[PDB]
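Structure file protein.cif (mmCIF, C-alpha atoms) is printed below.
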data_final
loop_
_atom_site.group_PDB
_atom_site.id
_atom_site.type_symbol
_atom_site.label_atom_id
_atom_site.label_comp_id
_atom_site.auth_asym_id
_atom_site.auth_seq_id
_atom_site.Cartn_x
_atom_site.Cartn_y
_atom_site.Cartn_z
ATOM 1 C CA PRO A 4 62.252 28.049 7.810
ATOM 2 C CA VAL A 5 60.715 27.516 11.282
ATOM 3 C CA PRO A 6 62.231 24.440 13.119
ATOM 4 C CA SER A 7 60.142 21.260 13.714
ATOM 5 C CA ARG A 8 60.528 17.985 15.649
ATOM 6 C CA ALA A 9 58.642 14.669 16.005
ATOM 7 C CA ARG A 10 55.803 14.560 18.583
ATOM 8 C CA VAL A 11 56.817 10.942 19.488
ATOM 9 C CA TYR A 12 60.164 9.025 19.824
ATOM 10 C CA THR A 13 61.868 12.460 19.504
ATOM 11 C CA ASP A 14 65.051 11.584 21.446
ATOM 12 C CA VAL A 15 65.299 7.765 21.027
ATOM 13 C CA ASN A 16 68.507 7.992 18.909
ATOM 14 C CA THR A 17 70.075 10.814 21.020
ATOM 15 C CA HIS A 18 69.927 8.518 24.147
ATOM 16 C CA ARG A 19 71.591 5.583 22.367
ATOM 17 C CA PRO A 20 75.258 4.876 21.709
ATOM 18 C CA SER A 21 76.947 6.012 18.506
ATOM 19 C CA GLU A 22 77.301 2.472 17.134
ATOM 20 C CA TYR A 23 73.525 1.977 16.779
ATOM 21 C CA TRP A 24 72.880 4.993 14.526
ATOM 22 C CA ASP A 25 76.281 5.651 12.920
ATOM 23 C CA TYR A 26 75.897 3.426 9.857
ATOM 24 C CA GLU A 27 79.055 4.908 8.224
ATOM 25 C CA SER A 28 81.197 3.299 11.016
ATOM 26 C CA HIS A 29 79.365 -0.064 10.976
ATOM 27 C CA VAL A 30 81.499 -3.087 10.010
ATOM 28 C CA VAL A 31 79.660 -5.342 7.531
ATOM 29 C CA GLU A 32 80.586 -9.075 7.574
ATOM 30 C CA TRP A 33 79.988 -10.437 4.057
ATOM 31 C CA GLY A 34 79.427 -14.198 4.136
ATOM 32 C CA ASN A 35 79.984 -16.683 1.281
ATOM 33 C CA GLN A 36 77.191 -16.739 -1.354
ATOM 34 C CA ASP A 37 78.107 -20.445 -1.984
ATOM 35 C CA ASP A 38 75.554 -21.432 0.754
ATOM 36 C CA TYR A 39 72.793 -20.227 -1.634
ATOM 37 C CA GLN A 40 71.735 -21.604 -5.028
ATOM 38 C CA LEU A 41 69.703 -19.118 -7.135
ATOM 39 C CA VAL A 42 66.420 -20.670 -8.468
ATOM 40 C CA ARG A 43 64.622 -17.861 -10.429
ATOM 41 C CA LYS A 44 64.513 -14.093 -11.066
ATOM 42 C CA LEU A 45 61.550 -12.585 -9.176
ATOM 43 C CA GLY A 46 61.978 -8.986 -10.356
ATOM 44 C CA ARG A 47 64.302 -6.092 -11.225
ATOM 45 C CA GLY A 48 64.383 -2.635 -9.607
ATOM 46 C CA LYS A 49 66.288 0.660 -10.095
ATOM 47 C CA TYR A 50 69.386 -0.507 -8.123
ATOM 48 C CA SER A 51 68.604 -4.225 -7.283
ATOM 49 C CA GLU A 52 67.846 -7.677 -8.825
ATOM 50 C CA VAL A 53 65.687 -10.044 -6.700
ATOM 51 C CA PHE A 54 65.984 -13.881 -6.848
ATOM 52 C CA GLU A 55 64.257 -16.851 -5.253
ATOM 53 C CA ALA A 56 66.972 -19.074 -3.778
ATOM 54 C CA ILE A 57 67.637 -22.206 -1.697
ATOM 55 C CA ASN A 58 69.926 -22.240 1.331
ATOM 56 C CA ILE A 59 71.922 -25.514 0.632
ATOM 57 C CA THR A 60 72.825 -25.938 4.350
ATOM 58 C CA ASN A 61 69.161 -26.423 5.517
ATOM 59 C CA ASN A 62 67.073 -26.866 2.245
ATOM 60 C CA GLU A 63 65.078 -23.673 3.004
ATOM 61 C CA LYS A 64 63.681 -21.096 0.502
ATOM 62 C CA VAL A 65 65.128 -17.575 0.754
ATOM 63 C CA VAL A 66 64.966 -14.316 -1.243
ATOM 64 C CA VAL A 67 68.327 -12.880 -2.507
ATOM 65 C CA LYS A 68 68.504 -9.131 -3.398
ATOM 66 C CA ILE A 69 71.656 -8.517 -5.452
ATOM 67 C CA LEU A 70 72.406 -4.778 -5.164
ATOM 68 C CA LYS A 71 73.818 -2.645 -8.009
ATOM 69 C CA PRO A 72 76.701 -1.079 -5.921
ATOM 70 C CA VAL A 73 76.088 2.564 -6.878
ATOM 71 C CA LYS A 74 76.711 4.025 -3.336
ATOM 72 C CA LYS A 75 78.510 2.200 -0.476
ATOM 73 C CA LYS A 76 77.152 4.642 2.184
ATOM 74 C CA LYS A 77 73.546 3.748 1.141
ATOM 75 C CA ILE A 78 74.267 -0.061 1.240
ATOM 76 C CA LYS A 79 75.757 0.438 4.764
ATOM 77 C CA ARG A 80 72.673 2.414 5.894
ATOM 78 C CA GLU A 81 70.221 -0.258 4.622
ATOM 79 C CA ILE A 82 72.264 -3.109 6.249
ATOM 80 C CA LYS A 83 72.536 -1.256 9.651
ATOM 81 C CA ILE A 84 68.809 -0.473 9.630
ATOM 82 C CA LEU A 85 67.811 -4.100 8.700
ATOM 83 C CA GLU A 86 70.130 -5.386 11.472
ATOM 84 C CA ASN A 87 68.552 -2.953 13.951
ATOM 85 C CA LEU A 88 64.959 -3.967 13.187
ATOM 86 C CA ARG A 89 65.759 -7.689 12.666
ATOM 87 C CA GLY A 90 62.969 -9.690 14.309
ATOM 88 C CA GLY A 91 60.609 -6.699 14.601
ATOM 89 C CA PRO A 92 56.830 -7.125 14.021
ATOM 90 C CA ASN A 93 56.090 -7.401 10.249
ATOM 91 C CA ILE A 94 59.629 -6.223 9.367
ATOM 92 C CA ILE A 95 61.272 -8.266 6.589
ATOM 93 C CA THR A 96 64.015 -10.429 8.194
ATOM 94 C CA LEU A 97 67.567 -10.081 6.895
ATOM 95 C CA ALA A 98 68.942 -13.648 7.176
ATOM 96 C CA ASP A 99 72.390 -13.040 5.651
ATOM 97 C CA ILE A 100 74.720 -10.573 3.962
ATOM 98 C CA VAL A 101 76.696 -12.370 1.247
ATOM 99 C CA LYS A 102 79.006 -11.678 -1.695
ATOM 100 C CA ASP A 103 79.588 -14.013 -4.601
ATOM 101 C CA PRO A 104 83.297 -15.080 -4.579
ATOM 102 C CA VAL A 105 83.936 -14.059 -8.249
ATOM 103 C CA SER A 106 81.641 -11.012 -8.734
ATOM 104 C CA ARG A 107 82.012 -9.641 -5.114
ATOM 105 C CA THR A 108 78.615 -7.908 -5.779
ATOM 106 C CA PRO A 109 76.793 -7.004 -2.497
ATOM 107 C CA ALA A 110 73.768 -9.274 -1.871
ATOM 108 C CA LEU A 111 71.146 -9.327 0.903
ATOM 109 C CA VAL A 112 69.455 -12.589 1.885
ATOM 110 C CA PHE A 113 65.938 -12.327 3.278
ATOM 111 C CA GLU A 114 63.377 -14.755 4.656
ATOM 112 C CA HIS A 115 61.108 -16.119 1.941
ATOM 113 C CA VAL A 116 57.687 -14.423 1.598
ATOM 114 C CA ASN A 117 55.305 -15.658 -1.103
ATOM 115 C CA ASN A 118 53.496 -12.423 -2.129
ATOM 116 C CA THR A 119 49.823 -12.642 -3.274
ATOM 117 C CA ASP A 120 49.205 -10.248 -6.296
ATOM 118 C CA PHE A 121 48.029 -6.612 -5.624
ATOM 119 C CA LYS A 122 45.625 -6.565 -8.654
ATOM 120 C CA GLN A 123 44.238 -10.012 -7.532
ATOM 121 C CA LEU A 124 43.887 -8.847 -3.861
ATOM 122 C CA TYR A 125 42.111 -5.583 -4.986
ATOM 123 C CA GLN A 126 38.987 -7.558 -6.113
ATOM 124 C CA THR A 127 38.870 -10.166 -3.266
ATOM 125 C CA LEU A 128 39.522 -7.456 -0.568
ATOM 126 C CA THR A 129 36.816 -7.050 2.122
ATOM 127 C CA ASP A 130 36.285 -4.066 4.558
ATOM 128 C CA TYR A 131 37.732 -6.345 7.310
ATOM 129 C CA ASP A 132 40.760 -7.314 5.150
ATOM 130 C CA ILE A 133 41.727 -3.602 4.740
ATOM 131 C CA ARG A 134 41.440 -2.836 8.518
ATOM 132 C CA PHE A 135 43.477 -5.995 9.355
ATOM 133 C CA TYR A 136 46.374 -5.350 6.915
ATOM 134 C CA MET A 137 46.410 -1.561 7.723
ATOM 135 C CA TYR A 138 46.845 -2.506 11.444
ATOM 136 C CA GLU A 139 49.690 -4.944 10.461
ATOM 137 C CA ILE A 140 51.501 -2.027 8.644
ATOM 138 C CA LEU A 141 50.973 0.194 11.740
ATOM 139 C CA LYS A 142 52.690 -2.447 13.953
ATOM 140 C CA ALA A 143 55.750 -2.312 11.644
ATOM 141 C CA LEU A 144 55.728 1.545 11.553
ATOM 142 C CA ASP A 145 55.146 2.031 15.333
ATOM 143 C CA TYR A 146 58.000 -0.416 15.893
ATOM 144 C CA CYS A 147 60.516 1.168 13.441
ATOM 145 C CA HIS A 148 59.566 4.759 14.621
ATOM 146 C CA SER A 149 60.130 3.516 18.256
ATOM 147 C CA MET A 150 63.561 2.295 17.024
ATOM 148 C CA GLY A 151 64.274 5.845 15.739
ATOM 149 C CA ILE A 152 63.825 4.968 12.056
ATOM 150 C CA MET A 153 61.612 6.425 9.301
ATOM 151 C CA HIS A 154 60.983 4.106 6.327
ATOM 152 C CA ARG A 155 60.654 7.072 3.826
ATOM 153 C CA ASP A 156 59.280 4.734 1.056
ATOM 154 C CA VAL A 157 55.868 3.419 2.280
ATOM 155 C CA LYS A 158 53.804 2.241 -0.793
ATOM 156 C CA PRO A 159 51.914 -0.933 -1.947
ATOM 157 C CA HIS A 160 54.984 -2.435 -3.749
ATOM 158 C CA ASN A 161 57.014 -2.290 -0.485
ATOM 159 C CA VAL A 162 54.309 -4.211 1.435
ATOM 160 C CA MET A 163 54.497 -8.005 0.854
ATOM 161 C CA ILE A 164 51.340 -9.997 1.744
ATOM 162 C CA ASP A 165 50.908 -13.792 1.935
ATOM 163 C CA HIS A 166 47.075 -13.617 2.061
ATOM 164 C CA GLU A 167 46.654 -17.431 2.648
ATOM 165 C CA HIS A 168 48.531 -17.193 6.005
ATOM 166 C CA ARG A 169 47.446 -13.522 6.625
ATOM 167 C CA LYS A 170 51.175 -12.587 6.817
ATOM 168 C CA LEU A 171 52.438 -9.070 6.007
ATOM 169 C CA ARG A 172 56.044 -7.773 5.620
ATOM 170 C CA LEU A 173 57.246 -4.158 5.144
ATOM 171 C CA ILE A 174 60.183 -4.435 2.693
ATOM 172 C CA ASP A 175 62.874 -2.319 0.916
ATOM 173 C CA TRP A 176 64.614 -0.318 3.632
ATOM 174 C CA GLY A 177 66.964 1.218 0.996
ATOM 175 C CA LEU A 178 65.557 4.749 1.513
ATOM 176 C CA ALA A 179 65.194 4.420 5.330
ATOM 177 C CA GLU A 180 66.950 6.849 7.710
ATOM 178 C CA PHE A 181 67.543 7.362 11.468
ATOM 179 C CA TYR A 182 65.592 10.246 13.045
ATOM 180 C CA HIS A 183 67.619 12.944 14.856
ATOM 181 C CA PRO A 184 65.651 15.970 16.176
ATOM 182 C CA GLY A 185 66.574 19.162 14.282
ATOM 183 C CA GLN A 186 68.276 17.301 11.374
ATOM 184 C CA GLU A 187 67.605 18.472 7.794
ATOM 185 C CA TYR A 188 67.065 15.520 5.461
ATOM 186 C CA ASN A 189 67.142 15.096 1.648
ATOM 187 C CA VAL A 190 63.573 15.533 0.273
ATOM 188 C CA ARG A 191 64.248 13.323 -2.821
ATOM 189 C CA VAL A 192 62.806 10.222 -1.046
ATOM 190 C CA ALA A 193 59.554 8.152 -1.455
ATOM 191 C CA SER A 194 57.695 7.361 -4.698
ATOM 192 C CA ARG A 195 55.965 10.395 -6.358
ATOM 193 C CA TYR A 196 52.356 9.393 -5.465
ATOM 194 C CA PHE A 197 53.200 8.829 -1.808
ATOM 195 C CA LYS A 198 55.421 11.928 -1.243
ATOM 196 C CA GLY A 199 54.328 14.075 1.681
ATOM 197 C CA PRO A 200 53.669 17.835 1.147
ATOM 198 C CA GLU A 201 56.854 18.551 3.238
ATOM 199 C CA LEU A 202 58.994 16.884 0.485
ATOM 200 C CA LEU A 203 57.196 18.666 -2.363
ATOM 201 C CA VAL A 204 57.683 22.186 -0.803
ATOM 202 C CA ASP A 205 61.374 21.346 0.060
ATOM 203 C CA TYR A 206 60.842 21.393 3.893
ATOM 204 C CA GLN A 207 63.901 19.408 5.101
ATOM 205 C CA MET A 208 63.197 19.159 8.917
ATOM 206 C CA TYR A 209 60.660 16.297 8.531
ATOM 207 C CA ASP A 210 60.162 13.180 10.735
ATOM 208 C CA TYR A 211 58.295 9.795 11.175
ATOM 209 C CA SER A 212 55.027 11.660 10.209
ATOM 210 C CA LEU A 213 56.179 11.398 6.533
ATOM 211 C CA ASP A 214 55.389 7.627 6.677
ATOM 212 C CA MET A 215 51.900 8.444 8.029
ATOM 213 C CA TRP A 216 51.142 10.624 4.946
ATOM 214 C CA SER A 217 52.236 7.758 2.639
ATOM 215 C CA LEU A 218 50.068 5.276 4.649
ATOM 216 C CA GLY A 219 47.069 7.659 4.247
ATOM 217 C CA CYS A 220 47.675 7.657 0.449
ATOM 218 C CA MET A 221 47.548 3.821 0.412
ATOM 219 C CA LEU A 222 44.367 3.702 2.542
ATOM 220 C CA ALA A 223 42.591 6.203 0.186
ATOM 221 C CA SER A 224 43.397 4.096 -2.905
ATOM 222 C CA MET A 225 42.214 0.952 -1.084
ATOM 223 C CA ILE A 226 38.850 2.166 0.299
ATOM 224 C CA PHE A 227 37.981 4.293 -2.840
ATOM 225 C CA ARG A 228 39.477 1.816 -5.432
ATOM 226 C CA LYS A 229 41.368 4.828 -7.020
ATOM 227 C CA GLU A 230 45.046 3.801 -7.647
ATOM 228 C CA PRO A 231 46.957 6.097 -7.131
ATOM 229 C CA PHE A 232 44.807 8.448 -5.053
ATOM 230 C CA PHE A 233 46.932 11.595 -5.789
ATOM 231 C CA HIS A 234 48.035 11.138 -9.399
ATOM 232 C CA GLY A 235 50.868 13.626 -10.036
ATOM 233 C CA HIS A 236 52.705 13.622 -13.378
ATOM 234 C CA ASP A 237 55.862 15.202 -11.801
ATOM 235 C CA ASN A 238 56.924 16.426 -8.325
ATOM 236 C CA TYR A 239 55.434 19.929 -8.764
ATOM 237 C CA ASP A 240 52.198 18.539 -10.257
ATOM 238 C CA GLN A 241 52.007 16.109 -7.304
ATOM 239 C CA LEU A 242 51.434 19.098 -4.927
ATOM 240 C CA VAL A 243 48.695 20.500 -7.255
ATOM 241 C CA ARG A 244 46.784 17.112 -7.088
ATOM 242 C CA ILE A 245 46.831 17.271 -3.232
ATOM 243 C CA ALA A 246 45.625 20.957 -3.255
ATOM 244 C CA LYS A 247 42.759 19.681 -5.495
ATOM 245 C CA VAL A 248 41.407 17.600 -2.514
ATOM 246 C CA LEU A 249 42.841 19.411 0.561
ATOM 247 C CA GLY A 250 42.477 22.993 -0.832
ATOM 248 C CA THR A 251 44.975 25.855 -1.440
ATOM 249 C CA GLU A 252 43.947 27.751 1.800
ATOM 250 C CA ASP A 253 45.319 25.043 4.194
ATOM 251 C CA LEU A 254 48.466 24.785 2.027
ATOM 252 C CA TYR A 255 49.333 28.525 2.393
ATOM 253 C CA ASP A 256 48.565 28.300 6.181
ATOM 254 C CA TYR A 257 51.072 25.377 6.205
ATOM 255 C CA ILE A 258 53.777 27.351 4.275
ATOM 256 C CA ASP A 259 53.166 30.417 6.611
ATOM 257 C CA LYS A 260 53.347 28.324 9.817
ATOM 258 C CA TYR A 261 56.801 26.947 8.862
ATOM 259 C CA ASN A 262 57.970 30.073 6.834
ATOM 260 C CA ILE A 263 58.539 27.845 3.740
ATOM 261 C CA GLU A 264 59.906 29.417 0.533
ATOM 262 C CA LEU A 265 57.821 28.135 -2.407
ATOM 263 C CA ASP A 266 59.753 27.190 -5.577
ATOM 264 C CA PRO A 267 58.918 29.617 -8.504
ATOM 265 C CA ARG A 268 57.856 26.609 -10.652
ATOM 266 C CA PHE A 269 54.618 26.547 -8.462
ATOM 267 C CA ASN A 270 53.678 30.057 -9.762
ATOM 268 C CA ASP A 271 51.575 29.182 -12.844
ATOM 269 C CA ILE A 272 50.290 25.702 -11.801
ATOM 270 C CA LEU A 273 48.951 25.921 -8.221
ATOM 271 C CA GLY A 274 45.824 27.950 -8.978
ATOM 272 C CA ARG A 275 43.015 28.248 -6.369
ATOM 273 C CA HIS A 276 41.262 25.149 -4.945
ATOM 274 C CA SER A 277 38.503 24.518 -2.407
ATOM 275 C CA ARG A 278 38.698 21.720 0.210
ATOM 276 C CA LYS A 279 36.759 18.607 -0.958
ATOM 277 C CA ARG A 280 34.644 16.389 1.345
ATOM 278 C CA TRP A 281 35.926 12.781 1.656
ATOM 279 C CA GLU A 282 32.281 11.599 0.974
ATOM 280 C CA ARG A 283 32.474 12.686 -2.741
ATOM 281 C CA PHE A 284 34.971 9.828 -3.522
ATOM 282 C CA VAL A 285 32.274 7.218 -2.552
ATOM 283 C CA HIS A 286 30.617 5.333 -5.474
ATOM 284 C CA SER A 287 28.710 2.019 -6.036
ATOM 285 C CA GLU A 288 31.967 0.150 -6.821
ATOM 286 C CA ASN A 289 33.660 1.105 -3.495
ATOM 287 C CA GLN A 290 30.839 1.692 -0.881
ATOM 288 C CA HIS A 291 31.376 -1.848 0.694
ATOM 289 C CA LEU A 292 34.915 -0.685 1.759
ATOM 290 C CA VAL A 293 33.857 2.799 3.029
ATOM 291 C CA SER A 294 32.342 3.751 6.443
ATOM 292 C CA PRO A 295 32.283 6.963 8.629
ATOM 293 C CA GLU A 296 35.172 5.435 10.747
ATOM 294 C CA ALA A 297 37.355 4.885 7.594
ATOM 295 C CA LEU A 298 36.695 8.505 6.449
ATOM 296 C CA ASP A 299 37.410 9.991 9.921
ATOM 297 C CA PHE A 300 40.670 7.974 10.113
ATOM 298 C CA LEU A 301 41.766 8.996 6.556
ATOM 299 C CA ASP A 302 41.067 12.717 7.302
ATOM 300 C CA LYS A 303 43.386 12.458 10.363
ATOM 301 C CA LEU A 304 46.279 11.055 8.203
ATOM 302 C CA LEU A 305 46.024 13.193 5.056
ATOM 303 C CA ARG A 306 46.843 16.633 6.546
ATOM 304 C CA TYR A 307 49.427 19.084 5.062
ATOM 305 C CA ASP A 308 50.761 19.829 8.541
ATOM 306 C CA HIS A 309 53.000 16.864 9.447
ATOM 307 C CA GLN A 310 52.593 17.739 13.197
ATOM 308 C CA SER A 311 48.748 17.481 12.947
ATOM 309 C CA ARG A 312 48.858 13.902 11.521
ATOM 310 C CA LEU A 313 48.175 10.869 13.731
ATOM 311 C CA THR A 314 51.302 9.042 14.928
ATOM 312 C CA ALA A 315 51.386 5.245 14.312
ATOM 313 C CA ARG A 316 50.499 4.672 18.045
ATOM 314 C CA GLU A 317 47.456 7.072 17.937
ATOM 315 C CA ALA A 318 46.323 5.502 14.613
ATOM 316 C CA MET A 319 46.276 1.965 16.193
ATOM 317 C CA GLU A 320 43.786 3.333 18.825
ATOM 318 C CA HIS A 321 41.353 4.738 16.170
ATOM 319 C CA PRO A 322 37.711 3.365 16.124
ATOM 320 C CA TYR A 323 38.415 2.075 12.539
ATOM 321 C CA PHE A 324 40.440 -0.747 14.219
ATOM 322 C CA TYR A 325 37.962 -1.748 17.000
ATOM 323 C CA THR A 326 36.977 -4.806 14.857
ATOM 324 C CA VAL A 327 40.608 -6.130 14.588
#
Can you present the structure in this file as structure tokens?
Amino acid sequence: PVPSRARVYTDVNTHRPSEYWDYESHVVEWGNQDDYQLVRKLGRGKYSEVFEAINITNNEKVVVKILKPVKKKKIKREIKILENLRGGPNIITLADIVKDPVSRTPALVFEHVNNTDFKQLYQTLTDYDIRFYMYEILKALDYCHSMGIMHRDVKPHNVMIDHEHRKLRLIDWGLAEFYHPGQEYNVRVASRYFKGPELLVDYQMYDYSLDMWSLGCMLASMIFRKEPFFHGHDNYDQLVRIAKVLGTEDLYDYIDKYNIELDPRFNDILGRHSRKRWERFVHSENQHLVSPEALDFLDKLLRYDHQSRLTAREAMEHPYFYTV
């Protein structure tokens, strides 16, 4: 395959000391979980259990994410990344790293965020509300990309919103990675619906632009009230669903530009597809959330070619955000 590199923040990690990006060498200081009393189970994920808790030293609510220790290298990466971005705009704040004395199970303590429901938000969401929260996500992404980090798991479940206080937090940095120009990354990242074309065609030299594809997917489902926007039933099918909107012509131009070898499982499913106009997704139920600005912005995010996508910085300067 043809080599590729990020158009922005290309060398931010190269010009920094080894300690900042070498998570494998980072020394984690595990505090005593006795400072926290668990109140209630909030949810359960693939490799984590999340609890509402009280810090007994200051009577303050916190969120405790007890990790299923399946890979130490991955726990180290998430901790180093959270420490690096600690305090960043709309980045969830890691408050502590603790281990229960008896279990010794790794646990991450975060600031408390009281998330307003996604299905509830969906109906009370205004055109302004979308632009505002999209801009809030861009602040988090422009910041973490400037810090030489790609989230690699941008999706609605990883975006916590406290609608009453108009507060937004980008969470779950468990799939996040440091960007190094020329590095080949694992493509088994992100949630199926939000996976960029680069991941689905096994193009390993990807960058921050991956997060911009995922953000485009979220915007499309929000303005068109179609959740998810690209509804794949598997990873191969996921690429077919994108070709159904973007067309097969631009996909083969993308594979030819980067000399990508297509997996033989794409042989009998890809077919032939025309490019669809963004206007055809507009209906009576969603027209109050759509505008020419929203459609122009979306078109500039959802592109096969990762290099042709808007960066977080360019996206913040789009006319769609003049009102925020």
* Asked: Using only C-alpha atoms, which of A:136, A:54, A:197, A:121 sits nearest residue 214 of chain A?
  -> A:197
* **Residue neighbourhood residue 170 of chain A, 12 Å, only C-alpha atoms, exclusion window fewer than 6 positions, as an MDAnalysis selection string** => chainID A and resid 92:95 115:119 132 135:136 138:140 162:164
* Among the residues A:309, A:278, A:79, A:244, the one that comes closest to residue 100 of chain A [using all atoms listed in the file] ->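 Ranked by minimum distance to residue 100 of chain A, first place goes to A:79.
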* To do: May I have the residues within 12 Å of residue 42 of chain A as a ChimeraX atom specification, using all atoms listed in the file and disregarding those fewer than 5 positions away in the same chain?
  => /A:53-59,63-67
* Asked: Interatomic distance between atom CA of residue 43 of chain A and atom CA of residue 86 of chain A?
  ->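 So the two atoms, atom CA of residue 43 of chain A and atom CA of residue 86 of chain A, lie 25.8 Å apart.
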* Structure fact -> Using all atoms listed in the file, the best pick from A:293, A:223, A:78, A:101 as closest to residue 27 of chain A would be A:78
* Pull out every residue that the PyMOL selection byres ((chain A and resi 318) around 12) matches in the shown coordinates and put them as a ChimeraX atom specification. => /A:134,137-142,144-145,212,215-216,218-219,296-297,299-304,312-317,319-325
Just the selected residues (C-alpha atoms), exported as a compact mmCIF listing (two decimals), in the frame of the given file, please.
# COMPACT_ATOMS: atom_id res chain seq x y z
CA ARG A 134 41.44 -2.84 8.52
CA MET A 137 46.41 -1.56 7.72
CA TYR A 138 46.84 -2.51 11.44
CA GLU A 139 49.69 -4.94 10.46
CA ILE A 140 51.50 -2.03 8.64
CA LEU A 141 50.97 0.19 11.74
CA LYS A 142 52.69 -2.45 13.95
CA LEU A 144 55.73 1.54 11.55
CA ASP A 145 55.15 2.03 15.33
CA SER A 212 55.03 11.66 10.21
CA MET A 215 51.90 8.44 8.03
CA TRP A 216 51.14 10.62 4.95
CA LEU A 218 50.07 5.28 4.65
CA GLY A 219 47.07 7.66 4.25
CA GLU A 296 35.17 5.44 10.75
CA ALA A 297 37.35 4.88 7.59
CA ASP A 299 37.41 9.99 9.92
CA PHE A 300 40.67 7.97 10.11
CA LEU A 301 41.77 9.00 6.56
CA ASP A 302 41.07 12.72 7.30
CA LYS A 303 43.39 12.46 10.36
CA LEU A 304 46.28 11.06 8.20
CA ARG A 312 48.86 13.90 11.52
CA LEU A 313 48.18 10.87 13.73
CA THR A 314 51.30 9.04 14.93
CA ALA A 315 51.39 5.24 14.31
CA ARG A 316 50.50 4.67 18.05
CA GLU A 317 47.46 7.07 17.94
CA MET A 319 46.28 1.96 16.19
CA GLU A 320 43.79 3.33 18.82
CA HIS A 321 41.35 4.74 16.17
CA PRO A 322 37.71 3.36 16.12
CA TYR A 323 38.42 2.08 12.54
CA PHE A 324 40.44 -0.75 14.22
CA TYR A 325 37.96 -1.75 17.00
* **Length of the atom CA of residue 49 of chain A to atom CA of residue 73 of chain A vector [Å]** =>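 Value for the atom CA of residue 49 of chain A-atom CA of residue 73 of chain A distance: 10.5 Å.
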* Asked: Leaving out segment 177-189 of chain A and any residue of its chain fewer than 2 positions from it, which residues lie within 7 Å of it when counting all atoms listed in the file, given as a list in words?
  ->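 Contacts, in chain order: residues 6, 7, 8, 13, 14, 16, 17, 24, 81, 151, 152, 153, 154, 155, 156, 175, 191, 192, 207, 208 and 210 of chain A.
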* Asked: Evaluating the PyMOL selection byres ((chain A and resi 247) around 9) on the displayed file yields which residues, as a list in words?
  ->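 Listing what the PyMOL selection byres ((chain A and resi 247) around 9) selects in the shown file: residues 242, 243, 244, 245, 246, 248, 249, 250, 251, 275, 276, 277, 278 and 279 of chain A.
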* From the list A:61, A:262, A:149, A:126, which residue is nearest residue 228 of chain A when using only C-alpha atoms? ->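 Of A:61, A:262, A:149, A:126, the one nearest residue 228 of chain A, counting only C-alpha atoms, is A:126.
Taking atom CA of residue 26 of chain A and atom CA of residue 80 of chain A as the two end points, the separation is 5.2 Å.
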